[PDB]
file start.txt (compact mmCIF, N, CA and C atoms)
# COMPACT_ATOMS: atom_id res chain seq x y z
N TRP I 212 181.43 123.65 75.79
CA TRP I 212 180.80 122.62 74.98
C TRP I 212 179.29 122.54 75.14
N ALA I 213 178.75 123.05 76.25
CA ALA I 213 177.33 122.88 76.54
C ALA I 213 176.43 123.81 75.74
N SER I 214 176.99 124.80 75.04
CA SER I 214 176.21 125.78 74.30
C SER I 214 176.16 125.46 72.80
N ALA I 215 176.07 124.19 72.44
CA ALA I 215 176.09 123.80 71.03
C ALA I 215 174.69 123.64 70.45
N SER I 216 173.91 122.70 70.99
CA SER I 216 172.58 122.39 70.48
C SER I 216 171.59 122.27 71.64
N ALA I 217 171.63 123.25 72.54
CA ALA I 217 170.91 123.18 73.80
C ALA I 217 169.46 123.65 73.72
N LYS I 218 169.02 124.17 72.57
CA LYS I 218 167.66 124.70 72.48
C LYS I 218 166.62 123.58 72.57
N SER I 219 166.80 122.53 71.77
CA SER I 219 165.89 121.39 71.80
C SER I 219 165.94 120.68 73.15
N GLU I 220 167.12 120.61 73.75
CA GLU I 220 167.26 120.01 75.07
C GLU I 220 166.49 120.81 76.12
N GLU I 221 166.66 122.14 76.12
CA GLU I 221 165.96 122.97 77.10
C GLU I 221 164.45 122.88 76.92
N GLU I 222 163.98 122.88 75.67
CA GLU I 222 162.54 122.78 75.46
C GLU I 222 162.00 121.39 75.81
N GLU I 223 162.80 120.33 75.66
CA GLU I 223 162.26 119.02 75.98
C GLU I 223 162.25 118.75 77.48
N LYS I 224 163.27 119.23 78.23
CA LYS I 224 163.11 119.26 79.69
C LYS I 224 161.96 120.16 80.12
N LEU I 225 161.74 121.29 79.43
CA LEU I 225 160.62 122.16 79.79
C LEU I 225 159.29 121.42 79.65
N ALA I 226 159.11 120.71 78.53
CA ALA I 226 157.87 119.98 78.29
C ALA I 226 157.68 118.84 79.28
N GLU I 227 158.69 117.97 79.44
CA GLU I 227 158.49 116.81 80.30
C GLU I 227 158.45 117.19 81.78
N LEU I 228 159.10 118.30 82.15
CA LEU I 228 159.08 118.72 83.54
C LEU I 228 157.78 119.44 83.89
N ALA I 229 157.20 120.16 82.92
CA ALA I 229 155.83 120.66 83.10
C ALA I 229 154.84 119.50 83.21
N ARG I 230 155.06 118.45 82.41
CA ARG I 230 154.23 117.24 82.51
C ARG I 230 154.36 116.61 83.90
N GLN I 231 155.59 116.50 84.39
CA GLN I 231 155.84 115.94 85.72
C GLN I 231 155.19 116.78 86.80
N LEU I 232 155.23 118.11 86.64
CA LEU I 232 154.50 118.99 87.55
C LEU I 232 153.01 118.70 87.53
N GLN I 233 152.44 118.49 86.34
CA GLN I 233 151.01 118.22 86.22
C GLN I 233 150.62 116.93 86.93
N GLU I 234 151.33 115.83 86.63
CA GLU I 234 150.95 114.57 87.28
C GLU I 234 151.31 114.55 88.76
N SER I 235 152.35 115.27 89.19
CA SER I 235 152.64 115.34 90.62
C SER I 235 151.53 116.08 91.37
N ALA I 236 151.03 117.18 90.79
CA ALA I 236 149.90 117.88 91.38
C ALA I 236 148.66 117.00 91.42
N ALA I 237 148.41 116.26 90.34
CA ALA I 237 147.25 115.37 90.29
C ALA I 237 147.34 114.28 91.34
N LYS I 238 148.52 113.67 91.51
CA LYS I 238 148.67 112.60 92.48
C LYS I 238 148.59 113.11 93.91
N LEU I 239 149.15 114.30 94.19
CA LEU I 239 149.04 114.82 95.55
C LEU I 239 147.61 115.21 95.88
N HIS I 240 146.88 115.76 94.91
CA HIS I 240 145.46 116.05 95.12
C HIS I 240 144.66 114.77 95.35
N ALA I 241 144.96 113.72 94.58
CA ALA I 241 144.28 112.44 94.76
C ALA I 241 144.56 111.84 96.13
N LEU I 242 145.82 111.89 96.57
CA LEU I 242 146.18 111.35 97.88
C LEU I 242 145.55 112.15 99.01
N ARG I 243 145.50 113.48 98.86
CA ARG I 243 144.87 114.31 99.89
C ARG I 243 143.37 114.05 99.96
N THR I 244 142.72 113.84 98.81
CA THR I 244 141.29 113.52 98.83
C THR I 244 141.03 112.14 99.43
N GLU I 245 141.91 111.17 99.15
CA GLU I 245 141.76 109.86 99.77
C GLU I 245 141.98 109.92 101.27
N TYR I 246 142.92 110.76 101.73
CA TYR I 246 143.11 110.95 103.16
C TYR I 246 141.90 111.62 103.79
N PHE I 247 141.32 112.61 103.11
CA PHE I 247 140.15 113.30 103.63
C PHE I 247 138.89 112.45 103.55
N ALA I 248 138.90 111.38 102.75
CA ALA I 248 137.76 110.47 102.70
C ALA I 248 137.55 109.78 104.04
N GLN I 249 138.63 109.36 104.69
CA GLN I 249 138.57 108.75 106.01
C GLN I 249 138.86 109.75 107.13
N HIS I 250 138.71 111.05 106.85
CA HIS I 250 138.95 112.09 107.84
C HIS I 250 137.70 112.86 108.22
N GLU I 251 136.68 112.91 107.35
CA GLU I 251 135.51 113.74 107.60
C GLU I 251 134.68 113.23 108.78
N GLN I 252 134.83 111.95 109.14
CA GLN I 252 134.24 111.47 110.38
C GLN I 252 134.99 111.98 111.60
N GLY I 253 136.22 112.46 111.42
CA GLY I 253 136.98 113.04 112.51
C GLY I 253 137.25 114.52 112.32
N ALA I 254 136.75 115.08 111.21
CA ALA I 254 136.88 116.52 110.98
C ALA I 254 136.09 117.31 112.01
N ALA I 255 134.87 116.87 112.32
CA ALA I 255 134.09 117.50 113.37
C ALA I 255 134.58 117.10 114.76
N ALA I 256 135.20 115.93 114.88
CA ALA I 256 135.71 115.44 116.16
C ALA I 256 137.11 115.95 116.47
N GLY I 257 137.71 116.75 115.59
CA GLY I 257 139.04 117.27 115.81
C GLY I 257 139.11 118.50 116.70
N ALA I 258 137.97 118.97 117.22
CA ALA I 258 137.97 120.15 118.08
C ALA I 258 138.57 119.87 119.45
N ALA I 259 138.67 118.60 119.85
CA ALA I 259 139.26 118.27 121.14
C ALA I 259 140.77 118.52 121.11
N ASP I 260 141.27 119.18 122.15
CA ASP I 260 142.69 119.51 122.21
C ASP I 260 143.53 118.27 122.47
N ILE I 261 144.76 118.29 121.97
CA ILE I 261 145.66 117.15 122.11
C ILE I 261 146.13 117.00 123.55
N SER I 262 146.52 118.11 124.19
CA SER I 262 147.05 118.04 125.55
C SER I 262 145.97 117.70 126.56
N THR I 263 144.77 118.25 126.38
CA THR I 263 143.66 117.92 127.27
C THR I 263 143.28 116.45 127.14
N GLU X 66 155.75 118.00 100.70
CA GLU X 66 154.42 117.73 101.25
C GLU X 66 153.91 116.33 100.92
N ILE X 67 154.35 115.71 99.82
CA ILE X 67 153.93 114.34 99.54
C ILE X 67 154.44 113.37 100.60
N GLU X 68 155.71 113.48 100.95
CA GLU X 68 156.28 112.65 102.00
C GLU X 68 155.64 112.95 103.36
N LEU X 69 155.44 114.22 103.68
CA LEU X 69 154.91 114.58 105.01
C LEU X 69 153.47 114.10 105.16
N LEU X 70 152.62 114.34 104.17
CA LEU X 70 151.26 113.79 104.22
C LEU X 70 151.27 112.26 104.22
N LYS X 71 152.24 111.64 103.53
CA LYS X 71 152.32 110.18 103.52
C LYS X 71 152.62 109.64 104.92
N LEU X 72 153.58 110.26 105.62
CA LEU X 72 153.89 109.81 106.96
C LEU X 72 152.80 110.19 107.95
N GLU X 73 152.03 111.24 107.67
CA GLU X 73 150.89 111.56 108.52
C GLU X 73 149.77 110.54 108.36
N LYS X 74 149.48 110.12 107.12
CA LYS X 74 148.40 109.16 106.92
C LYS X 74 148.82 107.74 107.30
N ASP X 75 150.11 107.41 107.21
CA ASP X 75 150.55 106.08 107.61
C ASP X 75 150.46 105.85 109.11
N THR X 76 150.46 106.92 109.90
CA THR X 76 150.35 106.83 111.35
C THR X 76 148.94 107.15 111.85
N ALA X 77 147.92 106.90 111.03
CA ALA X 77 146.56 107.27 111.40
C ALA X 77 145.94 106.33 112.43
N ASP X 78 146.53 105.15 112.64
CA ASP X 78 145.89 104.16 113.50
C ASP X 78 146.06 104.49 114.98
N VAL X 79 147.18 105.09 115.38
CA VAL X 79 147.47 105.27 116.80
C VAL X 79 147.78 106.71 117.18
N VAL X 80 148.18 107.59 116.26
CA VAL X 80 148.74 108.89 116.64
C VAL X 80 147.65 109.95 116.78
N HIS X 81 146.75 110.03 115.80
CA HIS X 81 145.77 111.10 115.77
C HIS X 81 144.76 110.97 116.91
N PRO X 82 144.28 112.11 117.45
CA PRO X 82 143.42 112.06 118.64
C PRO X 82 142.03 111.48 118.41
N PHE X 83 141.67 111.14 117.17
CA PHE X 83 140.35 110.59 116.89
C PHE X 83 140.19 109.21 117.52
N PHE X 84 141.03 108.25 117.10
CA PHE X 84 140.99 106.91 117.66
C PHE X 84 141.32 106.91 119.14
N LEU X 85 142.16 107.85 119.59
CA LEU X 85 142.36 108.05 121.02
C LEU X 85 141.06 108.43 121.71
N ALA X 86 140.23 109.25 121.05
CA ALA X 86 138.95 109.63 121.64
C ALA X 86 138.00 108.44 121.75
N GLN X 87 137.89 107.63 120.68
CA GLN X 87 137.01 106.46 120.79
C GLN X 87 137.51 105.45 121.82
N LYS X 88 138.83 105.21 121.88
CA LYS X 88 139.29 104.29 122.92
C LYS X 88 139.10 104.88 124.31
N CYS X 89 139.18 106.21 124.45
CA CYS X 89 138.86 106.85 125.72
C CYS X 89 137.41 106.62 126.11
N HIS X 90 136.47 106.83 125.18
CA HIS X 90 135.05 106.62 125.49
C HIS X 90 134.75 105.17 125.83
N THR X 91 135.43 104.22 125.16
CA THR X 91 135.29 102.83 125.57
C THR X 91 135.83 102.63 126.99
N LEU X 92 136.91 103.33 127.35
CA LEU X 92 137.42 103.24 128.71
C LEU X 92 136.43 103.78 129.74
N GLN X 93 135.78 104.92 129.46
CA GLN X 93 134.79 105.39 130.44
C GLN X 93 133.57 104.48 130.48
N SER X 94 133.21 103.87 129.36
CA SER X 94 132.12 102.89 129.37
C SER X 94 132.46 101.70 130.26
N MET X 95 133.68 101.17 130.11
CA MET X 95 134.12 100.03 130.92
C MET X 95 134.18 100.42 132.39
N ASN X 96 134.72 101.61 132.67
CA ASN X 96 134.87 102.07 134.05
C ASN X 96 133.52 102.31 134.72
N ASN X 97 132.56 102.89 133.99
CA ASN X 97 131.24 103.11 134.56
C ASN X 97 130.53 101.78 134.83
N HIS X 98 130.64 100.83 133.90
CA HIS X 98 130.01 99.52 134.10
C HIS X 98 130.62 98.80 135.30
N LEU X 99 131.96 98.78 135.38
CA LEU X 99 132.61 98.05 136.46
C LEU X 99 132.47 98.78 137.79
N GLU X 100 132.32 100.10 137.77
CA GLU X 100 132.05 100.84 139.00
C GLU X 100 130.64 100.57 139.50
N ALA X 101 129.67 100.47 138.58
CA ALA X 101 128.32 100.07 138.96
C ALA X 101 128.30 98.66 139.51
N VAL X 102 129.18 97.79 139.00
CA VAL X 102 129.34 96.46 139.59
C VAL X 102 129.93 96.56 141.00
N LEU X 103 130.98 97.37 141.15
CA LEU X 103 131.78 97.34 142.37
C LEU X 103 131.12 98.07 143.53
N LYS X 104 130.20 99.00 143.24
CA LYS X 104 129.62 99.81 144.31
C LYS X 104 128.74 98.97 145.23
N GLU X 105 128.17 97.88 144.72
CA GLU X 105 127.24 97.02 145.46
C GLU X 105 127.91 95.74 145.92
N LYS X 106 129.13 95.82 146.45
CA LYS X 106 129.88 94.63 146.86
C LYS X 106 129.16 93.86 147.96
N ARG X 107 128.50 94.56 148.89
CA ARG X 107 127.75 93.87 149.93
C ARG X 107 126.54 93.14 149.35
N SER X 108 125.88 93.74 148.35
CA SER X 108 124.80 93.04 147.67
C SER X 108 125.32 91.83 146.91
N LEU X 109 126.50 91.95 146.29
CA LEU X 109 127.06 90.84 145.54
C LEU X 109 127.44 89.67 146.45
N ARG X 110 128.02 89.96 147.62
CA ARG X 110 128.31 88.87 148.54
C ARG X 110 127.03 88.34 149.19
N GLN X 111 125.96 89.14 149.22
CA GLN X 111 124.66 88.60 149.59
C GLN X 111 124.16 87.61 148.55
N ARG X 112 124.42 87.88 147.26
CA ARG X 112 124.12 86.89 146.23
C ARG X 112 124.99 85.65 146.39
N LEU X 113 126.25 85.85 146.78
CA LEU X 113 127.19 84.73 146.87
C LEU X 113 126.87 83.79 148.02
N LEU X 114 126.13 84.27 149.03
CA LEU X 114 125.73 83.43 150.15
C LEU X 114 124.38 82.75 149.92
N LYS X 115 124.00 82.52 148.66
CA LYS X 115 122.72 81.92 148.30
C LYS X 115 122.97 80.65 147.48
N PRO X 116 123.24 79.50 148.15
CA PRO X 116 123.35 78.30 147.30
C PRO X 116 121.99 77.68 147.00
N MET X 117 121.96 76.37 146.75
CA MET X 117 120.70 75.69 146.48
C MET X 117 119.97 75.38 147.78
N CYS X 118 119.36 76.40 148.37
CA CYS X 118 118.63 76.20 149.62
C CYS X 118 117.17 75.96 149.29
N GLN X 119 116.77 74.69 149.33
CA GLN X 119 115.37 74.35 149.10
C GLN X 119 114.50 74.72 150.29
N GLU X 120 115.09 74.71 151.50
CA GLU X 120 114.33 75.07 152.69
C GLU X 120 114.06 76.57 152.75
N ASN X 121 115.07 77.39 152.45
CA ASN X 121 114.95 78.85 152.45
C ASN X 121 115.31 79.34 151.05
N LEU X 122 114.31 79.40 150.18
CA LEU X 122 114.52 79.73 148.78
C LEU X 122 114.93 81.19 148.61
call {"tool": "encode", "arguments": {"input": "start.txt", "output": "structure tokens"}}
result
Amino acid sequence: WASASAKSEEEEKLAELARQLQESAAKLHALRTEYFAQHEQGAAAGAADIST
Amino acid sequence: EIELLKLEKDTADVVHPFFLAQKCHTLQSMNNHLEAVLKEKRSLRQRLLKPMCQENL
């Protein structure tokens, strides 16, 4: 039964899932940049070893 | 990676060695100050044996 009118279905999941990929990449990049905003003061200070 | 970075940034207050480093430097500041206080205990008790002596100021 699943092979009846699946072309439009496959293309619409393709479109919205590519869209979801785009906004997921955008949000992870935004979150990483926000994390690095409060990290660059410790980016140079990160050379100290954890165990020491 | 969204979840892992989320849990990494949510624990930024106590886990990462940065804030550990600043609290460590505050600890050596406190220790150096209090050691400079404590090294002169005989001088400090010399101060403590000085009340309101008008005869021997």
call {"tool": "interface_residues", "arguments": {"input": "start.txt", "of": "chain X", "to": "chain I", "cutoff": "7 Å", "atoms": "all atoms listed in the file", "output": "list in words"}}
result
residues 67, 74, 82 and 83 of chain X
call {"tool": "atom_distance", "arguments": {"input": "start.txt", "atom1": "atom C of residue 89 in chain X", "atom2": "atom C of residue 77 in chain X"}}
result
16.1 Å
call {"tool": "atom_distance", "arguments": {"input": "start.txt", "atom1": "CA of residue 71 in chain X", "atom2": "atom N of residue 241 in chain I"}}
result
12.1 Å
call {"tool": "select_by_dssp", "arguments": {"input": "start.txt", "residues": "chain X", "states": "alpha helix (DSSP H)", "output": "JSON, numbers by chain"}}
result
{"X": [67, 68, 69, 70, 71, 72, 73, 74, 75, 82, 83, 84, 85, 86, 87, 88, 89, 90, 91, 92, 93, 94, 95, 96, 97, 98, 99, 100, 101, 102, 103, 106, 107, 108, 109, 110, 111, 112, 113]}
call {"tool": "atom_distance", "arguments": {"input": "start.txt", "atom1": "CA of residue 70 in chain X", "atom2": "CA of residue 244 in chain I"}}
result
11.3 Å
